[PDB]
Amino acid sequence: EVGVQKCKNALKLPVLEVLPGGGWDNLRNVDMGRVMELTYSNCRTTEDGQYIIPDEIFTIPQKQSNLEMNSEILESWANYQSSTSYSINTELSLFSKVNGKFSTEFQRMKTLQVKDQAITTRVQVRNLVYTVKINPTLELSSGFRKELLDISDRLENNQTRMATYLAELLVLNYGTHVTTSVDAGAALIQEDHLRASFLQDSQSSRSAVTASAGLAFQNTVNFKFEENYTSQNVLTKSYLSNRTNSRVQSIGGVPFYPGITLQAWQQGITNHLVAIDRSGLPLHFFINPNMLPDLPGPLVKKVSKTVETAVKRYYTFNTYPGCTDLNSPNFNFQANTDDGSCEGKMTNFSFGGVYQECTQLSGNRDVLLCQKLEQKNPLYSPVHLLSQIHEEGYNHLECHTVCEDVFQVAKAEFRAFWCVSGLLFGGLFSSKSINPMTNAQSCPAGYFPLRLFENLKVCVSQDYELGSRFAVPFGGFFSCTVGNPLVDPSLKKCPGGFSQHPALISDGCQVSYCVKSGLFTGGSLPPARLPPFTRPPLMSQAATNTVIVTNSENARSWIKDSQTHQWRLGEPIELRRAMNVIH
Amino acid sequence: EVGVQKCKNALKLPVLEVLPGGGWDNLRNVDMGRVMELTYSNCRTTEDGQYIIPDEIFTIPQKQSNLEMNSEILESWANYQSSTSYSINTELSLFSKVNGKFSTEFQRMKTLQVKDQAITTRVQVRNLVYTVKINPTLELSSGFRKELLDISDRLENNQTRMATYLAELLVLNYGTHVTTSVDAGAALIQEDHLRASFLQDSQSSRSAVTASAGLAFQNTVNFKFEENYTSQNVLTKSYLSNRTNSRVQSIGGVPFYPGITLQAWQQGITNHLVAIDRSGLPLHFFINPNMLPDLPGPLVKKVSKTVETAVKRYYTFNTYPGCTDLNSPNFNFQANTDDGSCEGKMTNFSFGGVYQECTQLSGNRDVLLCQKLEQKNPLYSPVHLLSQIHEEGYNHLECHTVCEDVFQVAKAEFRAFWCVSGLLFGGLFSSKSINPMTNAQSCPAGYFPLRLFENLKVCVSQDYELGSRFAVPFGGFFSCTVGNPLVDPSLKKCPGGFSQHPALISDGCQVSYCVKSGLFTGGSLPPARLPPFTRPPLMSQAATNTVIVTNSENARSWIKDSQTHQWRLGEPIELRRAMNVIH
Amino acid sequence: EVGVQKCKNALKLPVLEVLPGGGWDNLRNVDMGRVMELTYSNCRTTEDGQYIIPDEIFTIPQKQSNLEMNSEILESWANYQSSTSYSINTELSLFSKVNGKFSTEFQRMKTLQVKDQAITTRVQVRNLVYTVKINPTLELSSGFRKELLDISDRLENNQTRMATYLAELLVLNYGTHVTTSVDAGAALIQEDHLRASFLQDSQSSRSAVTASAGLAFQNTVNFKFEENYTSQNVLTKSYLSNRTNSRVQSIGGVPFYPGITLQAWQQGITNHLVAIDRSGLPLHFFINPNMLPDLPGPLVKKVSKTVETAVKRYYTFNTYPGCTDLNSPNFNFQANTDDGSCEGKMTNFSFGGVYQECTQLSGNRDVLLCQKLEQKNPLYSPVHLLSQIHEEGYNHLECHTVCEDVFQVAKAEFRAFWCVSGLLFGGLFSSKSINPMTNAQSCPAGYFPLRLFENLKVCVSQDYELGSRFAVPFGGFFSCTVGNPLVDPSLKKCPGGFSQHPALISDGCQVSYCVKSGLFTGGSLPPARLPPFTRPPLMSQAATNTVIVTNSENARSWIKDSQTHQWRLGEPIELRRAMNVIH
Ligand SMILES: *[C@@H]1O[C@H](CO)[C@@H](O[C@@H]2O[C@H](CO)[C@@H](O)[C@H](O)[C@H]2NC(C)=O)[C@H](O)[C@H]1NC(C)=O
Ligand SMILES: *[C@@H]1O[C@H](CO)[C@@H](O[C@@H]2O[C@H](CO)[C@@H](O)[C@H](O)[C@H]2NC(C)=O)[C@H](O)[C@H]1NC(C)=O
Ligand SMILES: *[C@@H]1O[C@H](CO)[C@@H](O[C@@H]2O[C@H](CO)[C@@H](O)[C@H](O)[C@H]2NC(C)=O)[C@H](O)[C@H]1NC(C)=O
Ligand SMILES: *[C@@H]1O[C@H](CO)[C@@H](O[C@@H]2O[C@H](CO)[C@@H](O)[C@H](O)[C@H]2NC(C)=O)[C@H](O)[C@H]1NC(C)=O
Ligand SMILES: *[C@@H]1O[C@H](CO)[C@@H](O[C@@H]2O[C@H](CO)[C@@H](O)[C@H](O)[C@H]2NC(C)=O)[C@H](O)[C@H]1NC(C)=O
Ligand SMILES: *[C@@H]1O[C@H](CO)[C@@H](O[C@@H]2O[C@H](CO)[C@@H](O)[C@H](O)[C@H]2NC(C)=O)[C@H](O)[C@H]1NC(C)=O
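Residue numbers (PDB author numbering), protein chains in the order written: chain P, 11 to 389, 399 to 419, 430 to 449, 458 to 526, 536 to 629; chain O, 11 to 389, 399 to 419, 430 to 449, 458 to 526, 536 to 629; chain N, 11 to 389, 399 to 419, 430 to 449, 458 to 526, 536 to 629.
As C-alpha cells, then:
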C-alpha cells in the first residue's frame, strides 16, 4: 500500500530495472550495495508512459540502434575495451591500467591469446534505449549512512586500527565507485580468436578478413544451424581454419539461439533491458559536509580521508609488475602491469641463509610466544627488512563456586633477517599460497622448511648433488619501506631477468621476493585479493571521550550535548563555560 | 495468513527458489542448514514483477546467454574446475588444493582418467539470469543462534571437551562456509573422455578436435536419435573411436532428451532456475560482537576461535599426501595432494615387534581395564609414539526395597611401542577400516593379529617360508607430534618409495604408518570423514559458575544478573560491590 | 480439519511423498518405522508452489537430468554399488562389507554371476529433482519415544535380560539407521549379464562393448518391440549371443513398456517421485540428553549403550566368513566375507564322539529336566566348549472349591563335550536348519542322531562299509569364547580347506563347526536372521525401586517424586533429607 506497490496498482506498469546509485567494484566489473536512497512517492513515469521510475531520477530517450558490418581487430590485451563498462574503466586515475583486469570477460581473453598466440575480433549489434541519471540533490541510503557514523565514532574515541578495519569493510560491501548514469539497452556480440599468423600475410586484405567476420555473424543469426550459408566463397575456407575459438553472447532481451531473425530478436527487447554502459565517480567523493549534515565539518573530512586510504590500498595490492612482451623471454604470465624488466640479463647471487629472533616484551607470564617466533641459521651481510610486533590475548580465571575471568594481551616483537658455500632455494608457501615447485604446500625432496615471517615456510636444502633438480636462483627480498640493494649495484623492484611475487601482507605492508624459475610464472590467473587486509584488533585501546570539536582558523566549535543527542554548533557563551570544566 | 502465503495470495507470483544465506560444505560441494534469517514481511518482488524475494535480498538482472562452439580440453585432474561451484572453491586459503575433491562430480572424473588413461573435454550452454545477494545488515537464524549460545555456556562453566564436541556438531550441520551470493540460471553440459594418445599426434590440429566436439554436441541436441547428423566427414570417425565415455547433463530448466530444439530448451527455463555459480565467506567470519549483541565482547571471540579450530581440523583430516604422477611408478590412487614422493628409491627396514603396556591409575575397583590394554612381544630400539589416557564409567547399586546408583569413572593410561630375525608385516585393519590384503577384516593365512592402539589389529607372522606371499615391507609409524626418524637418516612423512595411510584418529590426533604394497593403494576412492572426530565426554568435569567477565585493558566488565537473565555491562559502582563478595 | 487435510483443502496441492526421518535397515535395504515426528501446522509448500511439505523440512531444487551413452562394467560382486542406497551403504563402519548384502537386488546379482560365470553391465537415465533434508532441531515421534522409556524402566528396576530383549525389538521395528536426507527422482535402468569370456578377448575394444550396450538400450526404449533397430551391424551379433540375462526396470514415473519415447517417459515423472538415493546416521546417535529431556543424564547414556549392543549383535550374526575366489576350489557360496581360507590344504581329523551331561540344580520336584539334557557316547581328549544354564517354569495348583496356583522356575545347567576307531560324521540339523546331506531334517541311511546342545541332532554312524557314502570329514567346534586348537597346531576359525557353518545361537553366543563337504556349501542364499536372538525371560528377577539417581563427579542428583510423576533435579536440601531415610 506504500512504496512501489501503491504506484504499481494505480498505473499497472512495470518498473524500470536499470537504476543508478549503487556501488561498483572497478577491478572486477561487478556492482554491489546501494549508496543512494530511492523512493517511489510521487508515482513518476517515464514520459513514454511505459515504465515507473523513482522520484530523484530523470531519463533521456535515445532510441538508437547501431548495426556494424565489420569486425574490429584488437590484437593486444594491454589496451582492453570492455563493451559494458568502458566509460567507467577509462577514467583519469592513477590505476587506469588496473581497472577491469580482474573480471570474468578479461581473464578469459588474456588466457585465449597467450595459450594460442591469437588475436581477437568482435562484431556487435548494440541498440541503446534510455539514459538514466541521478539528480545532483540526493540523499544517502539508510544502511550506508549508519556505517559512516560508525567510522566517525571510532575516530573520536581515539580508536585507530578499528576505524581502519571498518573502512575496509566498507570497500568490501560497496565497492570503489558509485554509478551516476547508466544506459538501458540490449547488445548481441560475437567474439572470435584467429591465429596471429593469419593477419600478417593479409596486411593489404585486412579489410577482407573483417568483412567476412561480419558476414559470418549474420549467417549465424539469420540461418538455422543447418548450412544454408552464403559466405563460403574464397576466404571463408581459411577463416574457418585459422580460428581457434568462437562464442556468441546476448546481454539483454530474449536468449539467443542459432537461427532467429534479427527482426525477432529486436522485438523482445521491450521489458528486458540491462545496463550496457555506465559511468560514475569515486566513493569518497560522496563523503562531504553536504551529504552528512549531522556531523561536524572537519570530522567528515577525516572519515573521507580514511575511506580514500582503504580504496588506494586495494589498488596497491592486486598490482603485479613484470614483463609483458609475449615473444620475448622472461615472460611473466601473472603480470598485469609492465615494468621494463624484459630483455634484461641475469646475474646469480648467493644467499647464506635466513634467521629470525624474537623479543617477548610484555607477555612473560602464562604465554611463551618467543619460541616459535625464533628461527636460527641451518649453517655475507644481514639486513633487517621488517620490524613487526605480534600481539596475543589470553585468559586467567580467578575462582573464589563463583569465578571471574580477565583478558590480558601479550606482545612479542620479532625480527627477520637474510644474508646478502650457500643454502639452496626451493620455493615458498604460505597460509594463502602454495609452492609452485610441487603445486602443493610442501618443499621438494631433500628440502626442509624454516619459518621466516611467522606464517610462511622457506624451502631450503644444504646439498649440491640431490637437490639440484628443484633449485632455482634467488634475487632478493624487499618491502614497502626498504628496497633491495641488489638492483642498482635503493629501488623497490627486482634486478633484471628476475620476477617478483607477493608474500605475507602484514598490516598494510607487503614484502616481496625475486626469483627466476619459469615455473612460478605460469599456471592460472590469480583472483582478486579482497579486503580486509588486516585481522580485527583486540580492543586494547581505551576509549577517550571527546565532547567539543573545534578548528582554530574560522573560530567554529561543535559541542556534543548530553545523552548522545547530536553535534550542535557551539554558541560563544556555552563553550566559554565548557572549557573551564575541561581545562 | 502470515509469511509467504500472505504475499503469495495478494500478488499471485512464484517465489524465487535460489537464495543465499545457507551453509555450504566445501570438501563435498553440498549445501546444508540456513545460517541467516529470511523474512517475507514487506512483500517485495523482483523488479521484473515476476518473483517474490525476501526483505534483505537484492537481485541484479543479468539476462546473459553464452553459447560456445568449441570444447575445452582439461588434461589433468589436479587443477579442477567445477562448473557450478568454481567461484567458491578457488578462494585464497591454506586448503585450496583440497576444496571440492570429495564431491560426486570430481570422484567420477578422477576415476575415468586413471582407469582409462584419458583426457576430458566439456562444452556448455550456460544462460545466467539473475545475481542474488544479501544485504550487509543481516540477522542470524533462530536455530543457528541457539547453538552458538550452547557453546558459550560450556566455555563459561569450564567445560572444555564438551564445547569442543558441540563445535564439531556445528560443522556437521552447517558446513564450512556461508554463501553470500548465488547465480540463478540453467546450464547444459556434455563431457567426453578421449584417449590420451589421440591428442598427442594432433598437436597442430588440436583446434580440429575441439571443433568437432562442439559440432557433435549440437547434432545431439537438435537431431532426434536417428542418424541425421552432419558431422561424419573426416575426423568424426576416429573421434567416435578414440572416445571412452560420454554423458549429457542439464542443470536447470526442463529435462533433456536427445532431439529437442535449443529453441525449446531455452523457453522452459522460466520458473525452473537453480544456482549455477556461488561465492561466500567462512563460517567463523559471521561470529563477531556485531551479530551477537547479548554476549560479552571477549566471549564471542572465544566461541569463534573454537569453531575455527573445528573447521581446520576437518581439512587436516581428509588430506592424503602421496605420489600423483600417473606414468611414474609408486603411483598412489587415494592421494589427493602431491608430496614429491615420486621417483624415490626404497630401502628395506626390519622391525622387531610391537608391544603395549597399561597403567590402571584410578579404577582399581570393579573394573579391570589393564588386561586388554596390554600386548606383549611375540618374540633394535623402541619408541613411545603416544601417551593416551582411556576413561570408562561404571555403575554401583547400593540397596537399602529402595536403592540408589552412583556413577564413577575409571582411568587407565596406555603406552604403545614399536621396535626401530624380525616379525613380518601382513597389514592392518581397524574399527573403521579393512585389511586390503584380504579385502576383509582378517589377517591372511599364517598371520595372527595383536592389538596396538586399543582398536586395531596388527597382522604379523613369524615364519619365512609360508607367510612370504602376503608379506609387504614396512616404513615406520609417526603421529601428529612425533615424526619417524627413518626419513632424514625429524619430519612427519614417509621415506622414499613408501606411502602413508591413516589409522586410529584418537582425540584430535591421528597416527600414520608407511608401507610399500601397491595393493593398499588401489581400489575405490575413500569418502569424506565427517565430524565429530571424538566420542562424547562423560560429563566428568564440574561446572564452575562465572558471574562477572572482564578484560584488563579497556576496563570493561560484564555482570550477569540473577535468574540467568542476560549479560549487562557492569557500572563501576556495582562491580565495586560484587568483587568483595567474590574476593 | 487438522493436519494435512486443512492445508490440502486451502492450497489444493499434492503432498511430497519422499520424506526423511524414518528408520532404515542396512543389511536388507528396506525402510521401517518413523523415528522423527512430522507435523503439518504452518501449511508450508515447496517454493515452486507445487508440493506440501512438513514444517521441519527444507527442500533444495536440483532439477538435474543425467543421460549416459555407455554401460559400466562391474565384474566382481564383492564391491557392490546399489543405485538406490549407495550413499548410505558406503558409510565408514566396521561392517561396510556386510551392508546391503541381504537385499533383493544383491542376491539376484550374486546368483546370476556364480551360476553362469558372468559379468554385469548397467546403463541408466537418472533424473534427480529435489533434495529433502531435516532440520537439526527436531522432535522424536510419539511411538518411538514410548519405547525408549520402557527400556529405561527395565534398566532402573535391575531387570537386565528384559531390557536386552526390548532393545532387540527396537531394531526389528525401526532398523539400524535413520535417513536424514533423501533424493526425489525417477531412474530407468537396464542390466545385462554377459559371458565372462566375451570380455577377455575384447580387452582393447572394451569401449566397443559398452558403446553397443548403451546403443541397444535406446533402441529398446524408443522402438516398439518389432525389429526396427539400428544397432545390428558388426558386434551386435555376438553381444546378443554372449549374453545370459537382461531386464529393464523403472523406479519412478509411469511404468515402462518397450516402445515409449524418452520424451514421453520424462513427462510422467511429475507427481510420481521416489527416493533414488539417501544417506543417514546410526540409530543410537539420536539417543542423547538433548532429545530426551525428561530422563536423567547418565540414564539415557545407558539406554543408548544397550541399543548400540543390539545393533552390533545383528551385524555379528548374518556374517559368513569363507572363500570367495570363484575359480579356486573350496569355493563357499554362502560366504559374504572373505577369509583367506582359499588355496589351503586339508588334513583329516578323527573325533571319538560327543557326550553331554546335566546337573539339575534347583528344580528337583515335579520336573525332571536332567534326562533329556544328557547324552552319552555311543562308543583323545574332551573339551567343554560351553557352560549353559536351562531354566523352565511349572505350575502347582493348591486347592482348598477355591484354589490358587503358584509359578516356580526349574534350573538345570548342562555341559556338552566333544573328543579331540572313530565315529563317522553325517551332518547336523536343528530347529532352524536342515541337513544338506538329505535336504531334509533327517540323518542318512545307517546314521543315528544324538542331541548335543538341547536343540540339534548329530548324524553319526559307527560302521566302515555302508555309511561311507554320506561320510564327510570334520574340522572342529568352537564358540564365541573358545576357539578350536586345531587351527594353529587359539584362533576362532576353521583350519585350511574347511568351511564354518552356524549352529545353535544360545543367548547372545553362537557356536560354529568346521566341515569339508561341498554339499553343505551350495544351494540357495540364506535369508537374514532377524532379532530377537533370545526367547523372552520368565520375569524371575524382582523389581528393585530406584528413587534417587546421582553421579559422583559433578554433584548432580535427580530425585524421582511420588506418584511416578517424572525425574526432577535434586536441590541440595531435599536430597539431604532423602538419603537419611535411604541410608
Ligand atoms: C591516541 O592514540 C594514539 C595512537 O596509538 C596514541 O599514540 C601512541 O601512544 C602510545 C602509548 O603511550 C605511545 O607509545 C606511542 O608512541 C604513541 N604514538 C604516537 C604516534 O603518538 C596516543 O597516545 C593516544 N592518546 C590518548 C590520550 O590515549
Ligand atoms: C592459417 O593461415 C595460413 C595463412 O597465413 C594458411 O596458409 C595458406 O593456406 C592456403 C590454403 O589452401 C594455401 O593455399 C596457402 O599456400 C597457405 N600459405 C600462405 C602463405 O598463404 C593456413 O592454411 C591456415 N591454417 C589452416 C589450418 O588452414
Ligand atoms: C578448568 O579446566 C581445566 C581443564 O581441565 C583444568 O585444568 C586441569 O586441571 C586438572 C585438575 O587438577 C590438572 O590436573 C591439570 O593439570 C589442569 N590442566 C591445565 C592445563 O591447567 C582446571 O583445573 C579447571 N579449573 C577449575 C577451577 O576447575
Ligand atoms: C585412436 O587414435 C589413433 C590416432 O592416434 C588412431 O590411429 C589412426 O587410425 C587411423 C584410422 O584409419 C589410421 O588411418 C592411422 O594410420 C592411425 N594412426 C595414426 C598414427 O594416425 C586409432 O585408430 C584410434 N583408435 C581407434 C579404435 O580407431
Ligand atoms: C541386580 O541384578 C544383577 C544381575 O543378575 C544381580 O547380580 C547377580 O545376582 C545373583 C544373585 O545373588 C548372583 O548370584 C550373581 O553372582 C550376580 N552377578 C553379578 C555379575 O553381580 C544383582 O544381585 C542384582 N541386585 C539386586 C539388589 O537385586
Ligand atoms: C561368445 O563370445 C566368443 C568371443 O570370445 C564368440 O566366439 C567368436 O564368435 C565369432 C562369431 O562368428 C567367430 O567369428 C570367432 O571366431 C569366435 N572366436 C573368437 C576367439 O573370436 C562366441 O561365438 C560367442 N558365443 C556365441 C554363442 O556366439
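In this text, a Cβ means the ideal position worked out from N, Cα and C, and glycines have one as well.
Assigned exposure category for residue i - 16 Cβ within 10 Å defines buried
i                 : result
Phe-507 (chain N) : buried
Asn-137 (chain O) : buried
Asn-591 (chain N) : exposed
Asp-287 (chain O) : buried
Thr-114 (chain N) : exposed
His-403 (chain P) : exposed
Own chain residues within Cβ distance below 7 Å of residue i, not counting five before or after
i                 : result
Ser-467 (chain N) : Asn-492, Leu-493, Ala-549, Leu-550
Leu-305 (chain P) : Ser-162, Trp-613
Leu-621 (chain O) : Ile-594, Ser-603, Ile-605
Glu-157 (chain N) : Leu-180
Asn-387 (chain N) : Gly-363, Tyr-365
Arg-44 (chain O)  : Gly-31, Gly-32, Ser-151
Start and end residues, alpha helix (DSSP H) containing residue i
i                 : result
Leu-179 (chain O) : 173-184
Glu-115 (chain P) : 114-124
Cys-368 (chain P) : Element bounds for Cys-368 (chain P): not the alpha helix (DSSP H) but the beta strand (DSSP E), 364-368.
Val-321 (chain O) : 307-326
First through last residue of the beta strand (DSSP E) which encompasses residue i
i                 : result
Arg-622 (chain O) : Run containing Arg-622 (chain O): none in the beta strand (DSSP E); it sits in the alpha helix (DSSP H), 621-624.
Residues near residue i by beta carbon distance below 6 Å, same chain, minus five either side
i                 : result
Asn-346 (chain N) : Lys-111, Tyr-330
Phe-227 (chain N) : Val-133, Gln-200
Residues near residue i by beta carbon distance below 8 Å, same chain, minus five either side
i                 : result
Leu-165 (chain N) : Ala-173, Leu-309, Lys-312, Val-313, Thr-316
Proximal residues of chain N, C-beta to C-beta of residue i below 7 Å
i                 : result
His-403 (chain O) : Simply none; closest approach about 28 Å.
Within chain O, partners of residue i - CB distance below 7 Å
i                 : result
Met-585 (chain P) : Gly-307, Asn-600
Per-residue contacts from residue i into chain N (C-beta, under 9 Å)
i                     : result
residue 656 (chain O) : No answer is possible for residue 656 (chain O): the residues shown for chain O start at 11 and end at 629.
Neighbour list for residue i in chain P, Cβ cutoff strictly below 9 Å
i                     : result
residue 645 (chain O) : Outside the shown range of chain O (11 to 629) lies residue 645 (chain O), about which nothing can therefore be said.
Ligand 8 heavy atom lying under 7 Å from the CB of residue i
i                 : result
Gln-344 (chain N) : Ligand 8 is absent from the structure shown, which contains only ligand 1, ligand 2, ligand 3, ligand 4, ligand 5 and ligand 6.
Problem - Distance cut 7 Å, beta-carbon to ligand 5 heavy atom: residue list by chain order - result: Here the residues come out as O:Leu-416, O:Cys-418, O:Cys-432, N:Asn-168, N:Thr-170, N:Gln-587, N:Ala-588, N:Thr-590.
Problem - Residues proximal to ligand 2 by C-beta, any heavy atom closer than 6 Å - result: In chain order, the residues positioned with their C-beta nearer than 6 Å to some heavy atom of ligand 2 are P:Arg-205, P:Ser-207, P:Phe-208, P:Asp-211, P:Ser-248, P:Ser-251, P:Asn-252.
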